[PDB]
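*Asks:* One structure is given below, represented as structure tokens, and several questions about it will come after.
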Amino acid sequence: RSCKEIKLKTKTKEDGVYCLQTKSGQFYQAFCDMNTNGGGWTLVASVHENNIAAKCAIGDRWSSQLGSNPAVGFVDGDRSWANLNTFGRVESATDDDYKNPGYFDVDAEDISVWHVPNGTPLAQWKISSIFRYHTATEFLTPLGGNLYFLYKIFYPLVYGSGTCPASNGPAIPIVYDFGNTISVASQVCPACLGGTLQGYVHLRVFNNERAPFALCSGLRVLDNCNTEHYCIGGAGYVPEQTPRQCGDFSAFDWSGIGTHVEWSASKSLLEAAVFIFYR
Amino acid sequence: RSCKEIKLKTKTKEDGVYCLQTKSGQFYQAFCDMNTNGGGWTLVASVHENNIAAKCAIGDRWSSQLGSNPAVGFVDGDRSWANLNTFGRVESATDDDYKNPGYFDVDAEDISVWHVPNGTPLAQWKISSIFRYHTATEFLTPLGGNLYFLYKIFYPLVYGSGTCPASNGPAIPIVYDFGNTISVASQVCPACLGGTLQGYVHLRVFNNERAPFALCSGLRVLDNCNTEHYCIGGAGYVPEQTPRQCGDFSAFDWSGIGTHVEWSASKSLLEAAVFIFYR
Amino acid sequence: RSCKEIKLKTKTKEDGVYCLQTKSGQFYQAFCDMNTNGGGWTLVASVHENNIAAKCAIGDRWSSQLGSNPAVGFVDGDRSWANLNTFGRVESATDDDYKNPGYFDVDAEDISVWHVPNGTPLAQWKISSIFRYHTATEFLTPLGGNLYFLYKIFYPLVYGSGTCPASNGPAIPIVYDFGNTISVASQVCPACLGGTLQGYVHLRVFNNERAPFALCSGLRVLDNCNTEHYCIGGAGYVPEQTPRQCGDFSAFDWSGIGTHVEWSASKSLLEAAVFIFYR
Ligand SMILES: [Ca+2]
Ligand SMILES: [Ca+2]
Ligand SMILES: [Ca+2]
Ligand SMILES: [Ca+2]
Ligand SMILES: [Ca+2]
Ligand SMILES: [Ca+2]
Numbered sequence: 054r055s056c057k058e059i060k061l062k063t064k065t066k067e068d069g070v071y072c073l074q075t076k077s078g079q080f081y082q083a084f085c086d087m088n089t090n091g092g093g094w095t096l097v098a099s100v101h102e103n104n105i106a107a108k109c110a111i112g113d114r115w116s117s118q119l120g121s122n123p124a125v126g127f128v129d130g131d132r133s134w135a136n137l138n139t140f141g142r143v144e145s146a147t148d149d150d151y152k153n154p155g156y157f158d159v160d161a162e163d164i165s166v167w168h169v170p171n172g173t174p175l176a177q178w179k180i181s182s183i184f185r186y187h188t189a190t191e192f193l194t195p196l197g198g199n200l201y202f203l204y205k206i207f208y209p210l211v212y213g214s215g216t217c218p219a220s221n222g223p224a225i226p227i228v229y230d231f232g233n234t235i236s237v238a239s240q241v242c243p244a245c246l247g248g249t250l251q252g253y254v255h256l257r258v259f260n261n262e263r264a265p266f267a268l269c270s271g272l273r274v275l276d277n278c279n280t281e282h283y284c285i286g287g288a289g290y291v292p293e294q295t296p297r298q299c300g301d302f303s304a305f306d307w308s309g310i311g312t313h314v315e316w317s318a319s320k321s322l323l324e325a326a327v328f329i330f331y332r
Numbered sequence: 054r055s056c057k058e059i060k061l062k063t064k065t066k067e068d069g070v071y072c073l074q075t076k077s078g079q080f081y082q083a084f085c086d087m088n089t090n091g092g093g094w095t096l097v098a099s100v101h102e103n104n105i106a107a108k109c110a111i112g113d114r115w116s117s118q119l120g121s122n123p124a125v126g127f128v129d130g131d132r133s134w135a136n137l138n139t140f141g142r143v144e145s146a147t148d149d150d151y152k153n154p155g156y157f158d159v160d161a162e163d164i165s166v167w168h169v170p171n172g173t174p175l176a177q178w179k180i181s182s183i184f185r186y187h188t189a190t191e192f193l194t195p196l197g198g199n200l201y202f203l204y205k206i207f208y209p210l211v212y213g214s215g216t217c218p219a220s221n222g223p224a225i226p227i228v229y230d231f232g233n234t235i236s237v238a239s240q241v242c243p244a245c246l247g248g249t250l251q252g253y254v255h256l257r258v259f260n261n262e263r264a265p266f267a268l269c270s271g272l273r274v275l276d277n278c279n280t281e282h283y284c285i286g287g288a289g290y291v292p293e294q295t296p297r298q299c300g301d302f303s304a305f306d307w308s309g310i311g312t313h314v315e316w317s318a319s320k321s322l323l324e325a326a327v328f329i330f331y332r
Numbered sequence: 054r055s056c057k058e059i060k061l062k063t064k065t066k067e068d069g070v071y072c073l074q075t076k077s078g079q080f081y082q083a084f085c086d087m088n089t090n091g092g093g094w095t096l097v098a099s100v101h102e103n104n105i106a107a108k109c110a111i112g113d114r115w116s117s118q119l120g121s122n123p124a125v126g127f128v129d130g131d132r133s134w135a136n137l138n139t140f141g142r143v144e145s146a147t148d149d150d151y152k153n154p155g156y157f158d159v160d161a162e163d164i165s166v167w168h169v170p171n172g173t174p175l176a177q178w179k180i181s182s183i184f185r186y187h188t189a190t191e192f193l194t195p196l197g198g199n200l201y202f203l204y205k206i207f208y209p210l211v212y213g214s215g216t217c218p219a220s221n222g223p224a225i226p227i228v229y230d231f232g233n234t235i236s237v238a239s240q241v242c243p244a245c246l247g248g249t250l251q252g253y254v255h256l257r258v259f260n261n262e263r264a265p266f267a268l269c270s271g272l273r274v275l276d277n278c279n280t281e282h283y284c285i286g287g288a289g290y291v292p293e294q295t296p297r298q299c300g301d302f303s304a305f306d307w308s309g310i311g312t313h314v315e316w317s318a319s320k321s322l323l324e325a326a327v328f329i330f331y332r
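Residue numbers (the entry's author numbering), protein chains in the order written: chain A, 54 to 332; chain B, 54 to 332; chain C, 54 to 332.
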């Protein structure tokens, strides 16, 4: 049902694709990592950005595909963070979004996160990745066991029904597998660090506009509610300069693509699919 | 090749996913139901509505995805009712449209229909469903054996090439597996019942505008040609108040979503994926 | 890993679907042809056109899905010719685009091309096809072994970075498996032949506007740079009468659909999915 038990019964197993099945019984294939900290991490999702200029258009499966509309039928986006919809396949996880049943079925304790440059074939994924970390606090069990139930518990990613830090989500300390806080500070915007703290993963942050964002990889949000620039995923509506802040990678191009200025992420991060692993 | 033979050779089998193959030989997995009336029903399709406000937009795979355009290249929609295109996977059949090869390959005698609330995991599908029925007239054999050939025989779902009841499709009497005619009358619009009769499934009805609709689940159409409000699927063009009548669930929101008024379906039906089974 | 070795170890095998795996190990199914010139051709792609009137819209996975935009994030299209993204399934390869891992993994010497009318079930593919040819020059080995590496070598299909014939791609002589140069001259536009020569396949031609097109099936381009009318695929931007020249089948409808006049392809070719095989 996961790569963890595969590592458990069968010790010497290594990285690669394995056959798994949901407990309801449908088969699928998942990329098991078996070397990271005892191994056993199952790849369950990937947040790829095909076009930073396309503001909630085709391919922004994680935020919205029909635009940024505040209508009652639009503010919930695609719910791809909190629904059973699955898409993409394994070896294309670095060229377009990917999500397999293991996202919601497999129960887990910790999540691991990789940043892999787009276009990277499978055999390079671990060595070509620029950032790799994972949590070690077993925080998923009180939250339902996976991110699906984590977004049934606080939060349903709904626009407007919260506020910045007063209503933010959890902030989990991470351990670095590849990369370091200096590199973290080198990949995010310059004005990023003025309101964050490296070394944590943050789930369901609220921006200044009450719009919720799923994930902030690498840093915990401080009292700075300009979170559209360093957190990915989201709902289907953001009102500040709409729709310049829509997409899988919400506003990483505020001041120009990859130019790495006050509000612009480094180019190395604009081309980085964010792999999510369960254990 | 189907779940019927699986039930035949191997008796005691129950609900769940099984491995099947088309006669051309490609493998797939299908959810076999084995308790309904001797069992043996294969799940072959699912008409999910992700956004009732999106009029022939992304996700309306059963009616049209490019809008309601009367141009010569547009009036045929996506033909997903009468083509070999397949999409989605099994356990996501309750969060987005689903269709597997068994739709056109497997020959069958009867169809079964379920209404399952969106977001329902597989293990709940039968018990959480609100409506379940099936035909018992073996009407698919004269029509080619499945719905694909049923839409090669009358009708190619083409706009304009017919009229209401004078050119309507078949009306098959159904037996109720869960639900009853009172509940049926409770789920459809109020002004619905003024022109229909419970207890039948109707295929290829024509609306007042000559636009054809694939399926009317639960009721047979009378001389009332306002069929956009209780029949799903369709072609790529409907001219009355275009495009307020486009989508997988064509006009179930004419007078407000789920408000259950003169032309509005009950909320319980707006969130209901329509599962189709073959036998 | 391909159908070639399946033909090699196991002689008498015939046309049909077989199980293959990438060298990284993920399984898939591919349609192996085993009769063409010793057989062993693996079906790896299919360029289907669902709507000639939709100019770079949903379903034009090979050229662009977000329109014809000259913005820096748009001129590269979807890169589906040169990325690991895969989509569609086998038996639907004649109703919508299709591409499997064998596109980029399998190394090959020659390519075969079929034109199959849309809606054709699998069992008819070979006999219902109108054109079938294949190269016999083993030209893929110097280019990386497949079309993916062929579009890492010249050319990255990028708009503007070339010109017509001075910077065109390779022109490979083909042998005819079904069809002949008279039929070829009968399927393309009338004003087509005034600037081409039958009997070659041409990869990465540049149109008069420096926009690059992936493939010209059946003919080699002469000094005529009006290539938008007989070459398929492309990038995400064409500037002449934008966007009347966008789509999988770029401009085969310049003077009316299927009307077979000066700039219009024959109707038999407008409904023809282009199957690509490796060996
Ligand atoms: Ca994306
Ligand atoms: Ca802000
Ligand atoms: Ca739908
Ligand atoms: Ca009406
Ligand atoms: Ca296409
Ligand atoms: Ca031209």
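Here a beta-carbon is modelled for each residue, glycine too, at the ideal position from N, C-alpha and C.
Under 7 Å between C-beta atoms, does B/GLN298 make it to chain A?
*Replies:* Translated into the one-based positions of the second sequence, residue 298 of chain B becomes position 245. With 7 Å as the cut-off, B/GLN298 does not count as an interface residue toward chain A.
*Asks:* Reducing DSSP to helix, strand and coil, say where A/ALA83 ends up.
*Replies:* As a working note, residue 83 of chain A is residue 30 in the first sequence. Here A/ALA83 sits in strand by DSSP.
*Asks:* Taking a cut of 8 Å between CB atoms, which residues from the region 117 to 151 of chain C lie near chain B?
*Replies:* Within the region 117 to 151 of chain C, the residues whose Cβ lies closer than 8 Å to some Cβ of chain B are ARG142, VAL143, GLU144, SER145, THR147, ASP148 and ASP149, listed in chain order.
*Asks:* Counting by C-beta, which residues lie closer than 6 Å to a heavy atom of ligand 2, in chain order?
*Replies:* Here the residues come out as A/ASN260, A/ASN261, A/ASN279, A/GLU281 and A/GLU293.
*Asks:* In chain C, what lies closer than 9 Å to A/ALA318 by C-beta?
*Replies:* Indexing the first sequence from 1 puts residue 318 of chain A at position 265. The contacting residues do not exist; A/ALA318 stays about 14 Å from chain C at best.
*Asks:* How about A/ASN103: is its Cβ closer than 6 Å to a heavy atom in ligand 1?
*Replies:* As a working note, residue 103 of chain A is residue 50 in the first sequence. Yes.
*Asks:* Which residue from A/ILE105, A/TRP316, A/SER308 and A/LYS57 puts its Cα closest to that of A/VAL97?
*Replies:* By 1-based counting over the first sequence, the position of residue 97 of chain A is 44. Residue A/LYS57 is the option with its Cα nearest to A/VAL97.
*Asks:* Could you give the residue range of the alpha helix (DSSP H) that holds B/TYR186?
*Replies:* On the second sequence, position 133 is the one that residue 186 of chain B refers to. Where B/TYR186 is concerned, there is no enclosing alpha helix (DSSP H), although the beta strand (DSSP E) it sits in stretches over 184 to 188.
*Asks:* In chain order, what residues of the region 154 to 188 of chain C put their CB closer than 8 Å to some CB of chain B?
*Replies:* Residues passing the 8 Å Cβ filter: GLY172, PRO174, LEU175 and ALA176.
*Asks:* Where does A/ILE111 land, buried or exposed, given buried means 16+ other C-beta within 10 angstroms?
*Replies:* Your numbering for residue 111 of chain A matches position 58 in the first sequence. When all chains shown are included, A/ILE111 counts as buried.
*Asks:* Mind checking whether the beta-carbon of A/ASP68 lies closer than 6 Å to any heavy atom of ligand 5?
*Replies:* For the purposes of this step, residue 68 of chain A is taken as residue 15 along the first sequence, with counting starting at 1. Because no heavy atom of ligand 5 lies under 6 Å away, the Cβ of A/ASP68 does not count as near it: no.
*Asks:* DSSP on B/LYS152, reduced to helix/strand/coil?
*Replies:* Counting from one through the second sequence, the residue named residue 152 of chain B turns up at place 99. Here B/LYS152 sits in strand by DSSP.
*Asks:* Under 6 Å from any heavy atom of ligand 3, does the C-beta of B/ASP301 make it?
*Replies:* One-based indexing of the second sequence puts residue 301 of chain B at position 248. Yes, the Cβ of B/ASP301 comes within 6 Å of a heavy atom of ligand 3.
*Asks:* Within this structure, are the beta carbons of B/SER220 and B/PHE259 separated by less than 7 Å?
*Replies:* Numbered from its first residue, the second sequence carries residue 220 of chain B at position 167. Numbered from its first residue, the second sequence carries residue 259 of chain B at position 206. Yes, these two residues count as a Cβ contact at 7 Å.
*Asks:* Give me the subset of the region 54 to 87 of chain C whose CB atoms are less than 8 Å from a CB atom of chain A, sorted by chain position.
*Replies:* Within the region 54 to 87 of chain C, the qualifying residues are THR75, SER77, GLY78, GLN79 and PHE80.
*Asks:* Run through the region 217 to 283 of chain A for me and flag every whole beta strand (DSSP E) of 3 or more residues, listed as ranges in chain order.
*Replies:* DSSP runs (the beta strand (DSSP E)) wholly in the region 217 to 283 of chain A: 224 to 231, 249 to 251, 253 to 259, 265 to 269 and 272 to 274.
*Asks:* Report the rounded CA-to-CA distance for B/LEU268 versus B/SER319, giving the unit in angstroms.
*Replies:* The residue given as residue 268 of chain B occupies position 215 in the second sequence. The residue given as residue 319 of chain B occupies position 266 in the second sequence. Distance between the alpha carbons of B/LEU268 and B/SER319 is about 18 Å.
*Asks:* Does the distance from the CB of B/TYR283 to the CB of B/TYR212 come in under 7 Å?
*Replies:* The residue labelled residue 283 of chain B in the question sits at position 230 within the second sequence. The residue labelled residue 212 of chain B in the question sits at position 159 within the second sequence. Going by C-beta atoms, B/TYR283 is not nearer than 7 Å to B/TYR212.
*Asks:* Got a sec: does ligand 5 put a non-hydrogen atom nearer than 6 Å to the Cβ of C/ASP150?
*Replies:* Taking the first residue of the third sequence as 1, we reach residue 150 of chain C at position 97. Yes.
*Asks:* Quick check on A/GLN74: does DSSP put it in helix, strand or coil?
*Replies:* Residue 74 of chain A sits at position 21 when you count from the first residue of the first sequence. A/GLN74 falls in the strand class under three-state DSSP.
*Asks:* Counting only beta-carbon atoms, is A/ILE111 nearer than 7 Å to chain C?
*Replies:* What you label residue 111 of chain A is simply residue 58 of the first sequence in a count that begins at 1. Yes, contact with chain C.
*Asks:* List, in order along the chain, the chain C residues whose C-beta lies closer than 7 Å to that of A/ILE285?
*Replies:* By 1-based counting over the first sequence, the position of residue 285 of chain A is 232. In chain order: nothing, as chain C lies at least about 17 Å away.
*Asks:* Taking 7 Å as the CB-CB limit, is A/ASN279 close to chain C?
*Replies:* Mapped onto the first sequence, residue 279 of chain A falls at position 226. Chain C, which has no Cβ nearer than 7 Å to the Cβ of A/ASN279, makes this no.
*Asks:* Quick check: A/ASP113 and A/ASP86, are their CB atoms within less than 7 Å of each other?
*Replies:* Translated into positions along the first sequence, residue 113 of chain A becomes position 60. Translated into positions along the first sequence, residue 86 of chain A becomes position 33. Their beta carbons are not under 7 Å apart, which means A/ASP113 does not touch A/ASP86 by this criterion.
*Asks:* Looking at chain B, is there any beta carbon in it that lies within less than 7 Å of the beta carbon of C/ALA304?
*Replies:* In the third sequence, residue 304 of chain C corresponds to position 251, counting from 1. Judged by the 7 Å Cβ criterion, C/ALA304 is not in contact with chain B.
*Asks:* In the DSSP assignment, the beta strand (DSSP E) including C/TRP94 goes from what residue to what residue?
*Replies:* Start at 1 with the first residue of the third sequence, and residue 94 of chain C comes out as number 41. C/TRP94 -> beta strand (DSSP E) spans 94 to 100.
*Asks:* Would you grab the beta carbon distance between A/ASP230 and A/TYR186 for me? Rounded to a whole angstrom, and I think it's under 8 Å.
*Replies:* Within the first sequence, residue 230 of chain A is the residue found at index 177, counting from 1. Within the first sequence, residue 186 of chain A is the residue found at index 133, counting from 1. Right, their Cβ atoms sit about 5 Å apart.
*Asks:* So which residues on chain C does A/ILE105 lean against when the C-beta distance must stay under 9 Å?
*Replies:* On the first sequence, position 52 is the one that residue 105 of chain A refers to. Those within 9 Å of A/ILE105 in chain C are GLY126.
*Asks:* By DSSP's criteria, B/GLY69 is part of a beta bridge. Which residues make up the other side?
*Replies:* As a position in the second sequence, residue 69 of chain B is number 16, starting the count at 1. Partner(s): B/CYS85.
*Asks:* Check whether the region 151 to 162 of chain C and the region 148 to 157 of chain A touch, using three or more Cβ-Cβ pairs below 8 Å as the test.
*Replies:* Result no; under three Cβ-Cβ pairs closer than 8 Å.
*Asks:* State the start and end residues of the unbroken beta strand (DSSP E) segment that holds A/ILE59.
*Replies:* In the first sequence, the residue the question calls residue 59 of chain A occupies position 6. Not the beta strand (DSSP E): A/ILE59 falls in the alpha helix (DSSP H), residues 56 to 62.
*Asks:* Would you call the region 240 to 259 of chain A and the region 76 to 96 of chain A in contact, with 3 or more CB pairs under 8 Å?
*Replies:* Judged by Cβ distances under 8 Å, the region 240 to 259 of chain A makes no contact with the region 76 to 96 of chain A, as fewer than three pairs qualify.
*Asks:* I'd like to confirm something about A/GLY112: is its beta-carbon nearer than 6 Å to some heavy atom of ligand 1, or not?
*Replies:* Indexing the first sequence from 1 puts residue 112 of chain A at position 59. Checking every heavy atom of ligand 1 against the Cβ of A/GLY112, one is found closer than 6 Å.
*Asks:* Rounding to the nearest angstrom, what Cα-Cα distance links residue 334 of chain A and C/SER181 in this structure?
*Replies:* In the structure as shown, chain A starts at 54 and stops at 332, and residue 334 of chain A therefore has no counterpart that could be examined.
*Asks:* Can you tell me whether B/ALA107 is helix, strand or coil according to DSSP?
*Replies:* Mapped onto the second sequence, residue 107 of chain B falls at position 54. Coil at B/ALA107, not helix or strand.
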